[PDB]
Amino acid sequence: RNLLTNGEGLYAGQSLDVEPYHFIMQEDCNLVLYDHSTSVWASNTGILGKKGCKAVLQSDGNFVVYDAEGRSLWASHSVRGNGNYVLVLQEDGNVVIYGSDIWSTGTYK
């Protein structure tokens, strides 16, 4: 997987992968982007033993990490209002959240 749409997220251990790039929600609750085994970016929210966290792209365009409970720990704070958004791990090493839908075929089944 390389992207997340409204309501989708990464549970502890889950990740997006493209080439040697890896964006993962770890069992220490740290959200990290790796090039091979080298860490490149992180939410700096890790704590050994803090398992069960979840990262989720929401309807408001906000990407949030929650704990085993449902308490927030980190967020891009990119709330822009209800709509359709997507988070993508790009081939250029960048992780991006995109505006809202501007066009579609409308062929959802």
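All residue numbers refer to positions in the sequence shown, first residue = 1.
Please compare 36-44 with 74-82 and say which has the higher mean C-alpha temperature factor in the record.
Going by the record's values, the stretch with the higher mean is 74-82.
Quick check on the deposited entry: does the C-alpha B-factor of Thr107 sit in the lowest, middle or highest third of its chain?
Its C-alpha B-factor belongs to the highest third of this chain's values.
By the recorded C-alpha temperature factor, relative to the other modelled residues in its chain, which third is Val56 in?
It falls in the middle third of the chain.
Compared with the other modelled residues in the chain, in which third is the CA B-factor of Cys29?
Lowest third - that is where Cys29 ends up once the chain's C-alpha B-factors are sorted.
Comparing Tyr11 with the other modelled residues of its chain, is its CA B-factor in the lowest, middle or highest third?
Its C-alpha B-factor belongs to the highest third of this chain's values.
Taking the chain's C-alpha temperature factors as the reference, tell me which third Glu91 falls into: lowest, middle or highest.
Middle third, going by the recorded CA B-factors of the chain.
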